[PDB]
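Next up, entry_27.txt (compact mmCIF, C-alpha atoms and all ligand atoms):
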```
# COMPACT_ATOMS: atom_id res chain seq x y z
CA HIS A 318 -39.82 -30.36 -58.13
CA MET A 319 -41.25 -33.55 -56.54
CA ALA A 320 -38.61 -36.13 -57.35
CA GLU A 321 -39.66 -39.61 -58.44
CA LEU A 322 -36.60 -41.82 -57.85
CA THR A 323 -38.19 -44.96 -59.21
CA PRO A 324 -37.15 -48.16 -57.33
CA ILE A 325 -36.46 -50.89 -59.89
CA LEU A 326 -34.62 -53.08 -57.32
CA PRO A 327 -34.05 -52.37 -53.60
CA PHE A 328 -30.85 -50.47 -54.39
CA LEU A 329 -31.33 -49.45 -58.03
CA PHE A 330 -33.30 -46.30 -58.88
CA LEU A 331 -34.20 -44.67 -62.21
CA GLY A 332 -34.91 -40.99 -62.75
CA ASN A 333 -34.56 -37.90 -64.92
CA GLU A 334 -32.41 -34.83 -64.34
CA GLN A 335 -34.89 -33.13 -62.05
CA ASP A 336 -35.05 -36.28 -59.97
CA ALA A 337 -31.22 -36.30 -59.84
CA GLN A 338 -31.20 -32.83 -58.22
CA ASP A 339 -33.34 -33.78 -55.21
CA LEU A 340 -30.57 -34.10 -52.64
CA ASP A 341 -32.88 -34.71 -49.68
CA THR A 342 -34.73 -37.62 -51.29
CA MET A 343 -31.45 -39.16 -52.50
CA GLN A 344 -30.02 -39.14 -48.97
CA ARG A 345 -33.30 -40.46 -47.52
CA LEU A 346 -33.13 -43.46 -49.88
CA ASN A 347 -29.51 -44.20 -48.85
CA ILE A 348 -28.25 -43.47 -52.38
CA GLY A 349 -24.47 -43.41 -52.46
CA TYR A 350 -23.80 -43.74 -56.22
CA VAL A 351 -25.03 -41.80 -59.24
CA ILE A 352 -24.69 -42.75 -62.90
CA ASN A 353 -25.24 -39.70 -65.16
CA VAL A 354 -25.82 -41.07 -68.65
CA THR A 355 -25.33 -37.80 -70.48
CA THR A 356 -22.61 -35.73 -72.10
CA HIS A 357 -23.79 -32.34 -70.78
CA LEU A 358 -25.76 -32.49 -67.52
CA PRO A 359 -23.88 -31.43 -64.37
CA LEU A 360 -22.73 -33.77 -61.68
CA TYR A 361 -25.18 -31.67 -59.70
CA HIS A 362 -23.99 -32.49 -56.17
CA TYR A 363 -20.35 -33.29 -56.88
CA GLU A 364 -19.01 -30.46 -54.71
CA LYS A 365 -20.86 -31.80 -51.64
CA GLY A 366 -18.84 -35.02 -51.50
CA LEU A 367 -21.94 -37.14 -50.80
CA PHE A 368 -22.16 -39.49 -53.83
CA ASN A 369 -19.77 -41.52 -55.97
CA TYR A 370 -20.50 -40.13 -59.46
CA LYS A 371 -19.90 -41.84 -62.80
CA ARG A 372 -20.57 -40.24 -66.19
CA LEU A 373 -21.40 -42.40 -69.23
CA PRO A 374 -21.11 -39.63 -71.80
CA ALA A 375 -23.89 -40.47 -74.24
CA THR A 376 -26.35 -38.43 -76.28
CA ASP A 377 -29.95 -39.42 -76.94
CA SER A 378 -29.48 -39.83 -80.69
CA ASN A 379 -29.98 -42.36 -83.45
CA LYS A 380 -26.22 -42.91 -83.75
CA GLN A 381 -25.09 -43.12 -80.09
CA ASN A 382 -23.51 -46.45 -79.07
CA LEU A 383 -24.69 -47.27 -75.51
CA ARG A 384 -23.74 -50.99 -75.60
CA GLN A 385 -20.10 -49.89 -75.14
CA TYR A 386 -20.98 -48.62 -71.60
CA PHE A 387 -23.06 -51.60 -70.41
CA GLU A 388 -20.26 -53.45 -68.62
CA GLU A 389 -18.92 -50.27 -66.98
CA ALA A 390 -22.43 -49.50 -65.69
CA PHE A 391 -22.91 -53.08 -64.48
CA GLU A 392 -19.64 -53.04 -62.51
CA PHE A 393 -20.61 -49.76 -60.81
CA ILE A 394 -24.10 -51.09 -60.01
CA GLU A 395 -22.43 -54.17 -58.43
CA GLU A 396 -20.17 -51.92 -56.36
CA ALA A 397 -23.23 -50.15 -54.91
CA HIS A 398 -24.93 -53.54 -54.44
CA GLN A 399 -22.07 -55.05 -52.44
CA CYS A 400 -21.59 -51.78 -50.50
CA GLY A 401 -25.22 -51.82 -49.28
CA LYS A 402 -25.91 -48.40 -50.81
CA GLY A 403 -28.41 -47.26 -53.39
CA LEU A 404 -27.58 -46.18 -56.94
CA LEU A 405 -29.50 -43.62 -59.03
CA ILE A 406 -29.07 -43.86 -62.81
CA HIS A 407 -30.45 -40.89 -64.72
CA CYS A 408 -30.44 -38.99 -67.99
CA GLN A 409 -33.14 -36.46 -69.14
CA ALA A 410 -36.93 -36.37 -69.52
CA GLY A 411 -38.22 -39.64 -71.04
CA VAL A 412 -35.21 -41.54 -69.56
CA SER A 413 -34.29 -43.25 -72.86
CA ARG A 414 -30.57 -43.61 -72.06
CA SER A 415 -30.86 -44.58 -68.40
CA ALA A 416 -33.78 -46.98 -68.99
CA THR A 417 -31.82 -48.80 -71.72
CA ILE A 418 -28.98 -49.41 -69.27
CA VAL A 419 -31.40 -50.59 -66.55
CA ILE A 420 -33.14 -52.97 -68.99
CA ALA A 421 -29.77 -54.40 -70.10
CA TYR A 422 -28.79 -54.91 -66.45
CA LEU A 423 -32.02 -56.81 -65.76
CA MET A 424 -31.49 -58.98 -68.84
CA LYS A 425 -27.96 -60.04 -67.99
CA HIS A 426 -27.94 -60.09 -64.20
CA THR A 427 -31.51 -61.02 -63.37
CA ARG A 428 -32.03 -63.47 -66.31
CA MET A 429 -34.94 -61.60 -67.91
CA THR A 430 -35.84 -61.64 -71.61
CA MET A 431 -35.59 -58.23 -73.25
CA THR A 432 -39.39 -57.95 -73.53
CA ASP A 433 -39.98 -58.93 -69.91
CA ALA A 434 -37.30 -56.51 -68.65
CA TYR A 435 -38.75 -53.67 -70.75
CA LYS A 436 -42.28 -54.36 -69.50
CA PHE A 437 -40.97 -54.59 -65.91
CA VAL A 438 -39.32 -51.17 -66.10
CA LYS A 439 -42.25 -49.60 -67.91
CA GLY A 440 -44.59 -50.99 -65.23
CA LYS A 441 -42.68 -48.88 -62.68
CA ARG A 442 -41.82 -45.82 -64.82
CA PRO A 443 -44.73 -45.50 -67.30
CA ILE A 444 -43.21 -42.82 -69.57
CA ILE A 445 -40.13 -44.03 -71.45
CA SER A 446 -39.44 -42.22 -74.73
CA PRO A 447 -38.54 -44.32 -77.77
CA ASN A 448 -35.12 -44.58 -79.33
CA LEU A 449 -35.15 -47.14 -82.18
CA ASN A 450 -31.33 -47.30 -82.22
CA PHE A 451 -31.28 -48.21 -78.52
CA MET A 452 -34.04 -50.83 -79.12
CA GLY A 453 -31.79 -52.47 -81.71
CA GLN A 454 -28.84 -52.42 -79.32
CA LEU A 455 -30.94 -54.25 -76.69
CA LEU A 456 -31.91 -56.79 -79.33
CA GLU A 457 -28.26 -57.40 -80.29
CA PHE A 458 -27.44 -57.64 -76.59
CA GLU A 459 -30.17 -60.20 -76.02
CA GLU A 460 -28.92 -62.29 -78.94
CA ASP A 461 -25.36 -62.11 -77.56
CA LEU A 462 -26.53 -63.22 -74.09
CA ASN A 463 -28.48 -66.12 -75.59
CA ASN A 464 -25.42 -67.17 -77.61
CA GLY A 465 -23.11 -66.96 -74.56
CA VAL A 466 -21.02 -64.23 -76.15
CA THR A 467 -21.40 -61.81 -73.20
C1 LIG B 501 -34.95 -48.56 -75.95
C2 LIG B 501 -35.88 -47.72 -75.04
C3 LIG B 501 -36.06 -48.48 -73.66
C4 LIG B 501 -35.28 -46.28 -74.78
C5 LIG B 501 -37.22 -47.45 -75.64
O1 LIG B 501 -37.23 -47.24 -76.89
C6 LIG B 501 -38.49 -47.26 -74.89
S1 LIG B 501 -39.98 -46.90 -75.81
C7 LIG B 501 -40.47 -48.35 -76.67
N1 LIG B 501 -41.49 -48.31 -77.54
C8 LIG B 501 -41.85 -49.43 -78.25
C9 LIG B 501 -41.14 -50.67 -78.00
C10 LIG B 501 -40.07 -50.64 -77.07
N2 LIG B 501 -39.71 -49.45 -76.40
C11 LIG B 501 -39.33 -51.85 -76.72
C12 LIG B 501 -38.09 -51.76 -75.97
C13 LIG B 501 -37.50 -53.01 -75.59
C14 LIG B 501 -38.15 -54.22 -75.92
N3 LIG B 501 -39.36 -54.29 -76.57
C15 LIG B 501 -39.95 -53.11 -76.96
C16 LIG B 501 -41.32 -53.16 -77.73
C17 LIG B 501 -41.51 -51.93 -78.72
```

Turn the structure described in the file into structure tokens.
Ligand SMILES: CC(C)(C)C(=O)CSc1ncc2c(n1)-c1cccnc1CC2
Amino acid sequence: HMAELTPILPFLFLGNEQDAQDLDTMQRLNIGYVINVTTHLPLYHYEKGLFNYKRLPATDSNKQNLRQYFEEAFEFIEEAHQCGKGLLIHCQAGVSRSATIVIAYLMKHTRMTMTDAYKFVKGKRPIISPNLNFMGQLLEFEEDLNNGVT
């Protein structure tokens, strides 16, 4: 597999589970942190002691709450940021879970509207599968940011 570790920001990369298995590319991009946004995929390289792994144990379903993990993900992204290392956030094909988290990060920490952040991510990673539940959670999150509640 030819991994596509999509650079959203200089240190923030988006990919699927085949991308997350490409050890050589991950090391070449100075990635030091991995967020696995799934309940069931391996921490593929855990036993090599190369990356700081975090699991956000979410399914790609119409009932899954991802909003509950946003702040945890943001803190870990800021750790990689301040450490000068890259972070890969991934789930499965179509990246619905990991792209939602990236979009939320852009909204809160780079002052983007939800629509602009979605279009920004889709401009770099053209295939993003729909999850209407996650769309609604981004919309509630946008409303909360605009009301100063988060
Ligand atoms: C939530 C997630 C990122 C997994 C997706 O569902 C991607 S697919 C898709 N399809 C149609 C729309 C949107 N996303 C969408 C998302 C955010 C803001 N505005 C839109 C406009 C309609």

Closest atom pairs, chain A residues within 10 Å of ligand LIG 501 (chain B), all atoms listed in the file, as a tab-separated table:
```
residue	atom	partner	partner_atom	distance
A:377	CA	B:LIG501	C4	9.0
A:411	CA	B:LIG501	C4	8.2
A:412	CA	B:LIG501	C4	7.1
A:413	CA	B:LIG501	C4	3.7
A:414	CA	B:LIG501	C4	6.1
A:415	CA	B:LIG501	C4	7.9
A:416	CA	B:LIG501	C3	5.4
A:417	CA	B:LIG501	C3	4.7
A:418	CA	B:LIG501	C3	8.4
A:419	CA	B:LIG501	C3	8.8
A:420	CA	B:LIG501	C3	7.1
A:421	CA	B:LIG501	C3	9.3
A:430	CA	B:LIG501	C14	8.9
A:431	CA	B:LIG501	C14	5.5
A:432	CA	B:LIG501	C14	4.6
A:433	CA	B:LIG501	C14	7.9
A:434	CA	B:LIG501	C14	7.7
A:435	CA	B:LIG501	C13	5.0
A:436	CA	B:LIG501	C14	7.6
A:438	CA	B:LIG501	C3	8.7
A:439	CA	B:LIG501	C6	8.3
A:443	CA	B:LIG501	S1	9.8
A:444	CA	B:LIG501	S1	8.1
A:445	CA	B:LIG501	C6	5.0
A:446	CA	B:LIG501	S1	4.8
A:447	CA	B:LIG501	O1	3.3
A:448	CA	B:LIG501	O1	4.2
A:449	CA	B:LIG501	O1	5.7
A:450	CA	B:LIG501	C1	7.3
A:451	CA	B:LIG501	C1	4.5
A:452	CA	B:LIG501	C1	4.0
A:453	CA	B:LIG501	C1	7.6
A:454	CA	B:LIG501	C1	8.0
A:455	CA	B:LIG501	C13	6.8
A:456	CA	B:LIG501	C14	7.6
A:459	CA	B:LIG501	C14	10.0
```

Quick one: 8 Å padding each side, axis-aligned, all listed atoms of stretch 449-458 of chain A - centre and edge lengths in Å to one decimal, as AutoDock Vina command-line options?
```
--center_x -31.3 --center_y -52.4 --center_z -79.4 --size_x 23.7 --size_y 26.5 --size_z 21.6
```

- Best match for closeness to residue A:371 among A:346, A:352, A:331, A:406, counting only C-alpha atoms: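 Selected residue with least distance to residue A:371: A:352.
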
- Message: So, with all atoms listed in the file as the atoms that count, which of A:423, A:360, A:462, A:405 lies closest to residue A:333?
- Response: A:405

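Minimum distance to residue A:363 across A:464, A:381, A:347, A:338 (counting all atoms listed in the file) occurs at A:338.
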
- Query: Which one of A:422, A:361, A:408, A:369 sits closest to residue A:389 if you count all atoms listed in the file?
  - Reply: A:422

- In Å, how far is it from atom CA of residue A:318 to atom CA of residue A:370? 21.7 Å

- Using only C-alpha atoms, pick whichever of A:392, A:341, A:457, A:334 has the shortest atom-to-atom distance to residue A:358. A:334

- Item | All residues 10 Å or closer to residue A:319, all atoms listed in the file, same chain fewer than 2 positions away omitted, as a PyMOL selection string | chain A and resi 321-322+335-336+339+342

Do a neighbour search on residue A:388 at 12 Å with only C-alpha atoms, toss out local chain neighbours closer than 3 positions, and write the hits as an mmCIF file with C-alpha atoms, in the frame of the given file.
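Listed below is the output, selection_15.cif:
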```cif
data_model
loop_
_atom_site.group_PDB
_atom_site.id
_atom_site.type_symbol
_atom_site.label_atom_id
_atom_site.label_comp_id
_atom_site.auth_asym_id
_atom_site.auth_seq_id
_atom_site.Cartn_x
_atom_site.Cartn_y
_atom_site.Cartn_z
ATOM 1 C CA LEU A 373 -21.400 -42.400 -69.230
ATOM 2 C CA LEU A 383 -24.690 -47.270 -75.510
ATOM 3 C CA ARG A 384 -23.740 -50.990 -75.600
ATOM 4 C CA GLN A 385 -20.100 -49.890 -75.140
ATOM 5 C CA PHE A 391 -22.910 -53.080 -64.480
ATOM 6 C CA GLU A 392 -19.640 -53.040 -62.510
ATOM 7 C CA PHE A 393 -20.610 -49.760 -60.810
ATOM 8 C CA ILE A 394 -24.100 -51.090 -60.010
ATOM 9 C CA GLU A 395 -22.430 -54.170 -58.430
ATOM 10 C CA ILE A 418 -28.980 -49.410 -69.270
ATOM 11 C CA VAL A 419 -31.400 -50.590 -66.550
ATOM 12 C CA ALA A 421 -29.770 -54.400 -70.100
ATOM 13 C CA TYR A 422 -28.790 -54.910 -66.450
ATOM 14 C CA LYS A 425 -27.960 -60.040 -67.990
ATOM 15 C CA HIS A 426 -27.940 -60.090 -64.200
ATOM 16 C CA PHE A 458 -27.440 -57.640 -76.590
ATOM 17 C CA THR A 467 -21.400 -61.810 -73.200
#
```

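Each of A:399, A:332, A:355, A:424 was compared to residue A:378 using all atoms listed in the file, and A:355 turns out to be the nearest.
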
- Straight-line distance linking atom CA of residue A:442 with atom CA of residue A:330, stated in Å to one decimal: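 The value is 10.4 Å.
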
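Taking atom CA of residue A:401 as the reference point, atom CA of residue A:325 is found at 15.5 Å.
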